[PDB]
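Enquirer:
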Amino acid sequence: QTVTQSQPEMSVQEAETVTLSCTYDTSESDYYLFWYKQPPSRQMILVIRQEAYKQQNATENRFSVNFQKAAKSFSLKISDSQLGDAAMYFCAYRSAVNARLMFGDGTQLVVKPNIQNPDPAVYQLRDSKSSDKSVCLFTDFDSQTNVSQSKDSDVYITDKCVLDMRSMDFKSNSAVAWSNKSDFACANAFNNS
Amino acid sequence: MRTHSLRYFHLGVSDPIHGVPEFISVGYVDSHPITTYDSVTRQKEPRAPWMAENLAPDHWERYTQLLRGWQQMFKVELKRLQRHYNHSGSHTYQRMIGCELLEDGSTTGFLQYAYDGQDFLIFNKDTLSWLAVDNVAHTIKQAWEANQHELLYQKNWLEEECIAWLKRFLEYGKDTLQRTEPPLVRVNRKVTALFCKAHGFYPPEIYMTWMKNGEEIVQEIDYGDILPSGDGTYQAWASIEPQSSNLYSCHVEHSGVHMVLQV
Amino acid sequence: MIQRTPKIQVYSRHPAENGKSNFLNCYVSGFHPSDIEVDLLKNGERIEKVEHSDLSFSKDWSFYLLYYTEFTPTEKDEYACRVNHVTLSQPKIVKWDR
Amino acid sequence: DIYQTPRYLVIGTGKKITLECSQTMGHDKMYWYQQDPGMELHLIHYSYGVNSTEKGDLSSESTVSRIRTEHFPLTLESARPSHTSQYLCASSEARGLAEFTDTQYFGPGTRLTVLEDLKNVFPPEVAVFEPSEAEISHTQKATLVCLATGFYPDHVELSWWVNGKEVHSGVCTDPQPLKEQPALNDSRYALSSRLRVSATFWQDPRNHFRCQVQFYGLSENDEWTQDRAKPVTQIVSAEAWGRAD
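Protein sequences, first through last, are from chains A, B, C and D.
If you want the numbering used here, it's the position in the first sequence, counting the first as 1, plus 230.
If you want the numbering used here, it's the position in the second sequence, counting the first as 1, plus 3.
If you want the numbering used here, it's the position in the third sequence, counting the first as 1, plus 31.
If you want the numbering used here, it's the position in the fourth sequence, counting the first as 1, plus 138.
1. Could you work out which residues of chain D lie near residue 152 of chain B, taking near to mean beta carbons separated by less than 8 Å?
2. When DSSP builds the beta bridges, which residues end up paired with residue 376 of chain D?
3. Can you name, in chain order, every residue of its own chain whose Cβ lies under 8 Å from the Cβ of residue 353 of chain A, other than the five neighbours on each side?
4. In whole angstroms, what separates the C-alpha of residue 172 of chain D from that of residue 191 of chain D?
5. Is the distance from the Cβ of residue 105 of chain C to the Cβ of residue 53 of chain C below 8 Å?
6. Please return the same chain residues whose Cβ sits closer than 8 Å to the Cβ of residue 188 of chain B, not counting the five positions on each side in sequence.
7. Is residue 52 of chain B helix, strand or coil when you go by DSSP?
8. Excluding the 5 residues flanking residue 231 of chain B on each side, which residues of the same chain have their C-beta closer than 6 Å to its C-beta?
9. Select from B:156, B:115, B:82 and B:57 the residue whose C-alpha is nearest the C-alpha of residue 11 of chain B.
10. Can you pull the DSSP bridge partners for residue 416 of chain A?
11. Measure from the C-beta of residue 378 of chain D to each C-beta in chain E and report whether the shortest distance is under 8 Å.
12. Could you tell me the distance, in whole angstroms, from the CA atom of residue 180 of chain B to the CA atom of residue 173 of chain B?
13. Within 7 Å: the Cβ of residue 52 of chain B and any heavy atom of the ligand SAM?
14. List the DSSP bridge partners of residue 110 of chain C.
15. Counting C-beta neighbours from all protein chains within 10 Å, is the total for residue 229 of chain D 16 or more, i.e. buried, or is it exposed?
16. With DSSP collapsed to three states, give me the class of residue 113 of chain B.
17. Can the beta-carbon of residue 402 of chain A be found closer than 8 Å to that of residue 395 of chain A?
18. Over the uninterrupted alpha helix (DSSP H) stretch that includes residue 209 of chain D, give me the two end residues.
19. Distance, Cα to Cα, residue 282 of chain A vs residue 65 of chain B?
20. Under 7 Å Cβ-Cβ, which residues of chain A neighbour residue 68 of chain B?
21. So which residues on chain D does residue 73 of chain B lean against when the C-beta distance must stay under 7 Å?
22. Using C-beta distances below 7 Å, list every residue in its chain close to residue 165 of chain D, excluding the 5 sequence neighbours before and after it, in chain order.
23. Leaving out five residues on either side along the sequence, give the residues of the same chain with a beta carbon under 8 Å from the beta carbon of residue 156 of chain D.
24. So what's residue 232 of chain D in DSSP terms, helix, strand or just coil?
25. Note down, in chain order, each residue of its chain lying with its Cβ closer than 6 Å to the Cβ of residue 264 of chain A, except the 5 sequence neighbours on either side.
26. What's the gap between the Cα of residue 106 of chain B and the Cα of residue 8 of chain B?
27. Using a Cβ cut-off of 8 Å (strictly closer), state whether residue 164 of chain B contacts chain A.
28. Quick check: is the beta carbon of residue 259 of chain A nearer than 8 Å to any beta carbon in chain B?
29. Counting Cβ pairs closer than 8 Å, one from the stretch 340 to 350 of chain A and one from the stretch 80 to 93 of chain B, do we hit at least three?
30. Helix, strand or coil for residue 391 of chain A? Go by DSSP, reduced to three states.
31. Using a C-beta to C-beta distance shorter than 8 Å, which residues of chain B count as neighbours of residue 187 of chain D?
32. Can you tell which of A:232, A:298, A:340 and A:355 has the C-alpha that lies nearest to the C-alpha of residue 273 of chain D?
33. Kindly indicate which three-state DSSP category residue 20 of chain B falls into: helix, strand or coil?
34. Using a beta-carbon distance below 8 Å, is residue 85 of chain C in contact with chain B?
35. With a Cβ-Cβ cutoff of 8 Å, do residue 178 of chain D and residue 327 of chain A count as a contact?
36. Between which residues of its own chain and residue 370 of chain D is the CB-CB distance below 6 Å, once the five residues before and five after are set aside?
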């Protein structure tokens, strides 16, 4: 009757293995264990299934689990991470006699891409219409870089965002910023970051 | 430490008269009812002080829902059985699931269905397959044999969970289940005929016979059934019928004790 | 429905001794379907206060109960059990021996 | 697999709401969970088959019906703010046992938001910011950027259309929006998306770029007495044409 996923956020490099961690509490012996992933689509997607009456740990190609029954531990192992893997991951227990799928609190997994030649840069872009409102784009920075959100209220800094131009076989971190204020440029918009 | 058994039985009845519930399900340890569900109460409840006292309100709440589920399924399966058989009046569907724990520690398990009190479907947990009586059963077995997880859950419950539960219940009801009450054995008379009668014993499994002047066994022995006396005990008798040229004697066995009586 | 006819056994809890209070038992068993009517009979009339175990299930898909009533046997008195089932076109009345 | 309509619904307080869930896998067992911001999923309704409707862990003033196998609708009579949550229908394949030996498959969910005052709902303002010569010259690449502003509630879906076709490669949309006045609680939202292509490709003036934001808002039987146009369901879009320049 309870699931715990303590790691609220978690990170992995493209092509690396990562282990998401989860324990359940119960007294039932006949039970069912799952992982599900919830991309920003808000759609729950089944990742893998393990039944308590099975020793051999489930494997769905790249995905697999470490089922330590006696420890009541159920870790999801993701080999060869992909950008697509990015999503909220959820641990779940279901009794064989009740329907409620019990959900863990959820671990958010972020995938860092392998930027082969970093080329950090801030460019500025302007309105296709009034040509009076404008934005700033920080980009092609290495994945080990972090983006501070704005402490100033009227400046809007978006989060780090991974883009996969499959046209040209090229990945690219990016982050955007805007404000209407006049005392504001691109150079210094990302300096606190 | 003697052979014990856990059994849960389901019964469904189409178009039942005012009294009859549409669905009843009942649990049993060696003929001692432990649990009960029906369609009016829609509630699983203990049928013993010792079940009640030892299980939190959750067990009953949780299993009530599971049985509400089976209610529903039997209602439906019944109509489908009618539709296929072109039936018409009140019919019965039944299911029996359970396990047995032998004194020697080895185990048995059983799962079976019946339509109109005749074997419909018999489960085999070593081959993960049903056997069916006619195409109607066969057809519904096919779908069932598709779901592999259901096939396996059953094997497990039968081979693992059923016994775990037995063991618990045995403990939980030790005073009434693992008790031994010996019989009153007596001989009465009645063509002249004599009767070895035993009463007020537990457990019900009892064996009785007559031995010809102690030497051989009377071939011609009418055996009274073993019947429940009312109070938790059982009673049973055995009868036989030339000036008695050879004086006879009764031989009985209950709970490990071989008992004997002359006249 | 291939049905099964009820077997009726009538007996007392404790051995009968006129004057000693006791329980009269009627064991109806081996019957299918489930629907069954049962009365206990003193001198051919219905006993009115009678308990019955909850309907119970056998492995062979037959049912059973036990009808019972607290009584004191008078040397004069005759006792039976009468059942009716779909299987029976007339009530089956089985007398108590002894 | 299994369908759920609507996917987004904004509605006034005390109106009748019907969330649809349908499934065509022949699944008898069906479920309905509820996920409030943060709080974990809670089984609120479930069903074992046709004409079964049972309650679950969390208690709810919704109601369900199961007249047939494919549909398990959920109804809410007097809708109230607290009902604001994500509702996820689901279905499972166990058919031969009442027991739950199966895996539950979810549908996509319905983001419901019930509001006391329908004057807090606003559609988005979309604006495309065109690439930078800086980037084009430096990188051989052009990143167009879309900005949806001023919308509430967060019932929005952004899309990138190149030459009348929706595109998937080359896009990064903020997985979550930002509050414009993070100060508040009813704060409006702003989301950002990025479309990156060749410099070659952006320099062809035959090439059309459109950033489209689908917004789910008020419908017809909803009421509106205000100058601001009724913020109905609508698309708000913004375009930019390739430039040799």
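Every residue, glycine too, gets a C-beta built ideally from N, C-alpha and C.
Expert: With the structure as the only source:
1. Taking the first residue of the second sequence as position 1, residue 152 of chain B is located at position 149. Under the 8 Å cutoff, chain D gives 232, 239 and 240.
2. Taking the fourth sequence and counting its residues from 1, one reaches residue 376 of chain D at position 238. Residue pairing by DSSP puts residue 376 of chain D in a beta bridge opposite D:349.
3. Position 123 of the first sequence, counting from 1, holds the residue named residue 353 of chain A. The residues are 366, 367, 369 and 416.
4. By one-based count along the fourth sequence, residue 172 of chain D stands at place 34. By one-based count along the fourth sequence, residue 191 of chain D stands at place 53. Using only the alpha carbons, I get a separation of about 16 Å.
5. On the third sequence, residue 105 of chain C is found 74 positions in, with the first residue counted as 1. On the third sequence, residue 53 of chain C is found 22 positions in, with the first residue counted as 1. No. Outside cutoff.
6. As a position in the second sequence, residue 188 of chain B is number 185, starting the count at 1. For residue 188 of chain B, same chain residues with a beta-carbon under 8 Å away, outside a window of 5 residues either side, are 199, 200, 201, 253, 255, 262 and 264 in chain order.
7. By 1-based counting over the second sequence, the position of residue 52 of chain B is 49. Collapsing the DSSP output to three states places residue 52 of chain B in a helix.
8. Looking up residue 231 of chain B in the second sequence gives position 228. Cβ neighbours of residue 231 of chain B beyond the five flanking positions: 237.
9. Looking up residue 11 of chain B in the second sequence gives position 8. Of the candidates B:156, B:115, B:82 and B:57, the one whose C-alpha sits nearest the C-alpha of residue 11 of chain B is B:115.
10. In the first sequence, counting from the first residue as 1, residue 416 of chain A sits at position 186. Residue 416 of chain A has no beta-bridge partner at all, per DSSP.
11. Of the protein chains in the structure, A, B, C and D, none is chain E.
12. Stepping through the second sequence from its first residue, residue 180 of chain B is reached at position 177. Stepping through the second sequence from its first residue, residue 173 of chain B is reached at position 170. In this structure, the straight-line span from the alpha carbon of residue 180 of chain B to that of residue 173 of chain B is close to 7 Å.
13. The ligand SAM is absent from the structure shown, which contains no ligands of any kind.
14. Start at 1 with the first residue of the third sequence, and residue 110 of chain C comes out as number 79. Paired residues: C:73.
15. Here residue 229 of chain D corresponds to residue number 91 of the fourth sequence, with the count starting at 1. Around the beta carbon of residue 229 of chain D, 16 or more other beta carbons sit within 10 angstroms, so the residue counts as buried.
16. Here residue 113 of chain B refers to the residue found at position 110 of the second sequence. Three-state result, residue 113 of chain B: strand.
17. Your numbering for residue 402 of chain A matches position 172 in the first sequence. Your numbering for residue 395 of chain A matches position 165 in the first sequence. Yes, the pair counts as a contact, with Cβ atoms nearer than the cut-off.
18. Locating residue 209 of chain D in the fourth sequence gives position 71, counting from the first residue. No alpha helix (DSSP H) holds residue 209 of chain D; DSSP gives it neither H nor E.
19. For this step, residue 282 of chain A is matched to residue 52 along the first sequence. For this step, residue 65 of chain B is matched to residue 62 along the second sequence. Each residue's Cα considered, the two are about 19 Å apart.
20. In the second sequence, residue 68 of chain B corresponds to position 65, counting from 1. Result: 328.
21. Looking up residue 73 of chain B in the second sequence gives position 70. Chain D residues near residue 73 of chain B: 236.
22. For the purposes of this step, residue 165 of chain D is taken as residue 27 along the fourth sequence, with counting starting at 1. So the list reads 229, 230 and 231, once near-sequence residues are dropped.
23. Within the fourth sequence, the letter at position 18 stands for residue 156 of chain D. Same-chain partners within the cutoff: 211, 212, 213 and 214.
24. One-based indexing of the fourth sequence puts residue 232 of chain D at position 94. The DSSP-derived three-state label of residue 232 of chain D is coil.
25. Here residue 264 of chain A is taken as the residue at index 34 of the first sequence, counted from 1. These residues qualify, in order along the chain: 279 and 322.
26. Looking up residue 106 of chain B in the second sequence gives position 103. Looking up residue 8 of chain B in the second sequence gives position 5. For the pair residue 106 of chain B and residue 8 of chain B, the Cα-to-Cα distance works out to about 11 Å.
27. The residue labelled residue 164 of chain B in the question sits at position 161 within the second sequence. Using a CB distance cut-off of 8 Å, residue 164 of chain B counts as an interface residue toward chain A.
28. One-based indexing of the first sequence puts residue 259 of chain A at position 29. True, the Cβ-Cβ gap to chain B drops below 8 Å.
29. Cβ pair count under 8 Å is below three, so no.
30. The count along the first sequence starts at 1 and reaches residue 391 of chain A at position 161. Strand at residue 391 of chain A.
31. As a working mapping, residue 187 of chain D is identified with position 49 in the fourth sequence. 75, 76 and 79, listed in chain order.
32. As a first step, residue 273 of chain D is located in the fourth sequence; it is residue number 135 there, counting from the start. It is A:355.
33. As a first step, residue 20 of chain B is located in the second sequence; it is residue number 17 there, counting from the start. It is coil, neither helix nor strand.
34. Walking along the third sequence from the start, residue 85 of chain C turns up at place 54. Chain B has a Cβ within less than 8 Å of the Cβ of residue 85 of chain C.
35. Within the fourth sequence, numbered from 1, the residue matching residue 178 of chain D stands at position 40. Within the first sequence, numbered from 1, the residue matching residue 327 of chain A stands at position 97. Result no, Cβ atoms of residue 178 of chain D and residue 327 of chain A do not sit closer than 8 Å.
36. Taking the first residue of the fourth sequence as 1, we reach residue 370 of chain D at position 232. 355 and 356.
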